[PDB]
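S.K.: One structure, pasted below without further comment.
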Amino acid sequence: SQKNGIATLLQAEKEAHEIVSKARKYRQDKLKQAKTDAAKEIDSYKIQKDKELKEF
Amino acid sequence: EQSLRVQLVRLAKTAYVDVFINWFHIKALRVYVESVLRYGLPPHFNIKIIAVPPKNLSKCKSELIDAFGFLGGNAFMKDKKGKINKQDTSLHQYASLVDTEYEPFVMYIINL
Amino acid sequence: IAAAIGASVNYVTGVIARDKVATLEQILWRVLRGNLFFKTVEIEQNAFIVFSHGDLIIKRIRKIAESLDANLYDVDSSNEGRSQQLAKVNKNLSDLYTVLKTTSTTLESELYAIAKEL
Amino acid sequence: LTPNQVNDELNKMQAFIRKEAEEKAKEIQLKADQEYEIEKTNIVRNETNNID
Amino acid sequence: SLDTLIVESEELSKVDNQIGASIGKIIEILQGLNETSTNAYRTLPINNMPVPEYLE
């Protein structure tokens with residue numbers, strides 16, 4: 001259980017590394033999402049102001 | 001001297017209670033966090049305050065060590081008793097900031 | 001093994017004079033850091049001690065190691081550079097052995113030469 | 001040591017490591033939502049004033 | 001977390017000892033004033049509830 005216990009400690013550490021890595025990718029994704037959902041909300045406000053400018 | 005003495009006796013008594021409630025708040029906290037560090041999970045612990053009658057502390061402390069000591073160490077355990085306070089050595093001070101003699105399970109001794 | 005050239009796991013390799021000194025270290029660790037170690041020891045000729053830890057509690061282990069005179073470094077040696085670490089170390093140990101011997105010879109030669117002269 | 005001690009100390013050990021990963025991972029993702037919301041508003045707000 | 005946990009215990013020990021000392025001085029300031037003589041303020045009320053009864 002000497003290298004059976006070190007072997008479990010190594011896996012546990014590797015498991016921790018991926019969990020932390022996933023939340024860092026989650027945030028990364030969220031920064032791209034802000035841009036996306038923001039890019040749509042601009043052109044909807046664009047098309048209303050074009051419409052009431054053209055009514056005039 | 002007169003005015004001062006009346007405010008001063010009053011101020012200490014009022015201070016005394018507050019620092020009492022606050023001393024126990026740290027110990028409760030201290031014990032809880034420590035328990036988490038030493039046993040791990042479960043985070044749900046069975047916690048008691050045992051009133052010892054004066055001068056039975058050493059006998060009480062030993063009995064607890066024998067029963068429960070195996071949990072926190074099956075080799076990190078020795079018999080011990082009472083509480084001795086010193087600045088001769090740092091051993092026997094039961095603390096997690098200076099090196100002390102490792103207790104076999106979480107037990108803190110309160111002297112009033 | 002499966003972290004020999006790893007970097008997401010922290011290992012602490014270290015020499016210590018004797019297994020006696022190592023106990024005192026073990027006592028600090030257990031009081032002040034909890035039981036986050038696995039303690040293994042191999043007898044040398046010294047003591048190989050090994051502590052194994054997280055990669056974010058290093059500095060606190062380091063403080064204990066400094067104060068009891070241990071050589072527990074994160075990675076032992078400034079020579080690591082081949083994969084494995086040891087491969088680089090073994091060639092640098094062949095330079096060291098032959099360069100010491102040449103020094104010993106120049107010193108010897110000169111010693112036999114000038115003792116009488118002095 | 002004793003078999004009992006070493007498994008108790010292994011079960012504690014990985015429990016902290018998984019726990020450290022959960023606790024850090026929560027903070028990252030909790031801040032990632034505040035960041036999403038803010039940055040989406042900013043991008044609009046700047047630009048809607050330009051269209052205006 | 002795990003790194004923060006080491007640092008949380010270190011401080012609990014220190015702060016515990018400070019409070020314990022400081023109370024010891026307050027008891028003394030009373031003892032000297034003759035406001036604690038036979039027994040007083042170690043069994044006396046703590047917001048209208050004695051010390052042993054208060055711990056329970």
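FYI, nothing fancy with the structure tokens labels: chains A, B, ... in order, residues from 1 per chain, ligands from 1 as they appear.
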Can you pull out the residues contacting region 45-49 of chain E? Cut-off 9 Å, using only C-alpha atoms, and skip same-chain residues under 2 positions away; I want them as a ChimeraX atom specification.
M.R.: /B:16-18,20-21 /E:41-43,51-54
S.K.: Any idea what's packed within 12 Å of residue 33 (chain B), counting only C-alpha atoms, ignoring anything in its chain fewer than 4 positions away? Could you give it as a list in words?
M.R.: residues 26, 27, 28, 29, 37, 38, 39, 40, 41, 43, 44, 45, 96 and 106 of chain B; 34 of chain C; 1, 2, 4, 5, 6, 7, 8, 9, 10, 11, 12 and 13 of chain E
S.K.: Selection from above, C-alpha atoms, as a tab-separated table (two decimals), in the first residue's frame, can you write it?
M.R.:
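Written out: out02.tsv:
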chain	number	residue	atom	x	y	z
B	26	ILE	CA	-13.41	31.23	19.07
B	27	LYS	CA	-13.10	27.86	20.79
B	28	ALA	CA	-16.28	26.61	19.17
B	29	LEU	CA	-14.91	27.78	15.83
B	37	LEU	CA	-8.74	19.09	9.39
B	38	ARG	CA	-8.11	15.95	11.43
B	39	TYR	CA	-11.10	13.46	10.76
B	40	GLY	CA	-12.14	14.73	7.28
B	41	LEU	CA	-15.69	13.82	6.43
B	43	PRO	CA	-18.79	17.41	8.26
B	44	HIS	CA	-21.54	16.54	10.72
B	45	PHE	CA	-19.84	15.80	14.11
B	96	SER	CA	-1.81	24.39	15.51
B	106	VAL	CA	-9.59	16.63	19.22
C	34	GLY	CA	-2.73	17.94	9.15
E	1	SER	CA	-10.05	25.47	0.65
E	2	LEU	CA	-7.05	23.40	1.55
E	4	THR	CA	-6.77	28.59	3.24
E	5	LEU	CA	-7.51	25.88	5.92
E	6	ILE	CA	-3.93	25.79	7.24
E	7	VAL	CA	-3.98	29.58	7.66
E	8	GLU	CA	-7.54	29.44	9.37
E	9	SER	CA	-6.21	27.05	12.16
E	10	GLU	CA	-3.01	29.19	12.71
E	11	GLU	CA	-5.03	32.29	13.42
E	12	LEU	CA	-7.67	30.47	15.70
E	13	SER	CA	-4.87	29.34	17.95
S.K.: Using 10 Å as the limit and counting only C-alpha atoms, can you tabulate each residue of chain B that touches chain E, with its shortest atom-to-atom distance in Å and the two atoms involved, as a tab-separated table?
M.R.:
residue	atom	partner	partner_atom	distance
B:5	CA	E:33	CA	9.1
B:8	CA	E:30	CA	9.7
B:9	CA	E:30	CA	7.5
B:12	CA	E:26	CA	6.7
B:13	CA	E:41	CA	8.2
B:14	CA	E:46	CA	9.5
B:15	CA	E:26	CA	8.1
B:16	CA	E:26	CA	6.7
B:17	CA	E:46	CA	5.6
B:18	CA	E:46	CA	8.6
B:19	CA	E:23	CA	6.6
B:20	CA	E:23	CA	7.4
B:21	CA	E:46	CA	8.4
B:22	CA	E:19	CA	7.8
B:23	CA	E:19	CA	5.8
B:24	CA	E:55	CA	8.7
B:25	CA	E:16	CA	9.3
B:26	CA	E:16	CA	6.1
B:27	CA	E:16	CA	6.8
B:29	CA	E:12	CA	7.7
B:30	CA	E:12	CA	5.6
B:31	CA	E:12	CA	9.1
B:33	CA	E:9	CA	7.0
B:34	CA	E:9	CA	6.7
B:36	CA	E:5	CA	9.3
B:37	CA	E:5	CA	7.7
B:48	CA	E:56	CA	9.2
B:49	CA	E:56	CA	7.4
B:50	CA	E:56	CA	9.3
B:51	CA	E:52	CA	8.0
B:94	CA	E:13	CA	9.0
B:95	CA	E:13	CA	6.0
B:96	CA	E:10	CA	5.7
B:97	CA	E:10	CA	4.6
B:98	CA	E:10	CA	8.4
B:110	CA	E:20	CA	9.9
B:112	CA	E:42	CA	7.0
S.K.: Could you write out as a PDB file with C-alpha atoms, in the first residue's frame the residues of chain D within 12 Å of chain C, counting only C-alpha atoms?
M.R.:
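result07.pdb written:
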ATOM      1  CA  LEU D   1       1.874   2.285  10.551  1.00  0.00           C
ATOM      2  CA  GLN D   5      -4.571   4.532   9.896  1.00  0.00           C
ATOM      3  CA  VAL D   6      -3.290   4.665   6.286  1.00  0.00           C
ATOM      4  CA  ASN D   7      -6.721   4.088   4.572  1.00  0.00           C
ATOM      5  CA  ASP D   8      -8.346   6.622   6.974  1.00  0.00           C
ATOM      6  CA  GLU D   9      -5.633   9.111   6.057  1.00  0.00           C
ATOM      7  CA  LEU D  10      -6.083   8.259   2.267  1.00  0.00           C
ATOM      8  CA  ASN D  11      -9.914   8.704   2.479  1.00  0.00           C
ATOM      9  CA  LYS D  12      -9.427  12.042   4.266  1.00  0.00           C
ATOM     10  CA  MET D  13      -6.764  13.107   1.647  1.00  0.00           C
ATOM     11  CA  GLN D  14      -8.574  12.804  -1.552  1.00  0.00           C
ATOM     12  CA  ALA D  15     -11.750  14.198   0.171  1.00  0.00           C
ATOM     13  CA  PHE D  16      -9.909  17.478   0.731  1.00  0.00           C
ATOM     14  CA  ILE D  17      -8.413  17.524  -2.849  1.00  0.00           C
ATOM     15  CA  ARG D  18     -12.028  16.966  -4.450  1.00  0.00           C
ATOM     16  CA  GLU D  20     -10.627  22.133  -2.840  1.00  0.00           C
ATOM     17  CA  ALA D  21     -11.505  21.685  -6.505  1.00  0.00           C
TER      18      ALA D  21
END
S.K.: Pull out every residue of chain A that has at least one atom within 12 Å of chain C, counting only C-alpha atoms, and report them as a PyMOL selection string.
M.R.: chain A and resi 1-18+20-21
S.K.: Put those residues in a file: C-alpha atoms, as a PDB file, in the first residue's frame.
M.R.:
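That gives us result34.pdb:
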ATOM      1  CA  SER A   1       0.000   0.000   0.000  1.00  0.00           C
ATOM      2  CA  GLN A   2       3.038   2.286  -0.254  1.00  0.00           C
ATOM      3  CA  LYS A   3       2.847   2.767  -4.016  1.00  0.00           C
ATOM      4  CA  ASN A   4      -0.848   1.887  -3.996  1.00  0.00           C
ATOM      5  CA  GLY A   5      -1.480   4.951  -1.650  1.00  0.00           C
ATOM      6  CA  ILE A   6       0.872   7.324  -3.624  1.00  0.00           C
ATOM      7  CA  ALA A   7      -0.945   6.068  -6.710  1.00  0.00           C
ATOM      8  CA  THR A   8      -4.424   7.208  -5.355  1.00  0.00           C
ATOM      9  CA  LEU A   9      -2.903  10.576  -4.183  1.00  0.00           C
ATOM     10  CA  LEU A  10      -1.547  11.101  -7.803  1.00  0.00           C
ATOM     11  CA  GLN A  11      -5.192  10.387  -9.260  1.00  0.00           C
ATOM     12  CA  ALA A  12      -6.869  12.601  -6.772  1.00  0.00           C
ATOM     13  CA  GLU A  13      -4.555  15.494  -7.777  1.00  0.00           C
ATOM     14  CA  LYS A  14      -5.120  14.843 -11.458  1.00  0.00           C
ATOM     15  CA  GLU A  15      -8.921  14.832 -10.736  1.00  0.00           C
ATOM     16  CA  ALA A  16      -8.620  18.255  -8.939  1.00  0.00           C
ATOM     17  CA  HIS A  17      -6.657  19.644 -11.875  1.00  0.00           C
ATOM     18  CA  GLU A  18      -9.435  18.826 -14.367  1.00  0.00           C
ATOM     19  CA  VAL A  20     -10.401  23.561 -11.783  1.00  0.00           C
ATOM     20  CA  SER A  21      -9.616  23.440 -15.557  1.00  0.00           C
TER      21      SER A  21
END
S.K.: Give me every helix (DSSP H, G or I) residue in chain B, going by DSSP on the backbone, as JSON, numbers by chain.
M.R.: {"B": [2, 3, 4, 5, 6, 7, 8, 9, 10, 11, 12, 13, 14, 15, 16, 17, 18, 19, 20, 21, 22, 23, 24, 25, 26, 27, 28, 29, 30, 31, 32, 33, 34, 35, 36, 37, 38, 39, 57, 58, 59, 60, 61, 62, 63, 64, 65, 66, 67, 68, 69, 70, 71]}
S.K.: Taking into account only C-alpha atoms, which residue in the set B:77, B:107, B:91, B:6 is nearest to chain D?
M.R.: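 Closest to chain D of all the choices is B:77.
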S.K.: Output as a Markdown table one row per residue of chain D within 7 Å of chain A: the closest atom pair and its distance in Å to one decimal place, counting only C-alpha atoms, sorted by chain and residue number ascending.
M.R.:
| residue | atom | partner | partner_atom | distance |
| --- | --- | --- | --- | --- |
| D:10 | CA | A:5 | CA | 6.9 |
| D:14 | CA | A:12 | CA | 5.5 |
| D:17 | CA | A:16 | CA | 6.1 |
| D:18 | CA | A:16 | CA | 5.8 |
| D:21 | CA | A:16 | CA | 5.1 |
| D:24 | CA | A:20 | CA | 6.9 |
| D:25 | CA | A:23 | CA | 5.4 |
| D:28 | CA | A:23 | CA | 6.2 |
| D:29 | CA | A:23 | CA | 5.9 |
| D:32 | CA | A:27 | CA | 4.9 |
| D:36 | CA | A:34 | CA | 5.0 |
| D:37 | CA | A:34 | CA | 6.8 |
| D:39 | CA | A:34 | CA | 6.1 |
| D:40 | CA | A:34 | CA | 4.6 |
| D:43 | CA | A:38 | CA | 6.5 |
| D:44 | CA | A:42 | CA | 5.8 |
| D:48 | CA | A:42 | CA | 6.7 |
| D:51 | CA | A:46 | CA | 6.6 |
S.K.: Using only C-alpha atoms, I'd like every residue of chain C that has an atom within 9 Å of chain B; please write them out as a VMD selection string.
M.R.: chain C and resid 27 to 35
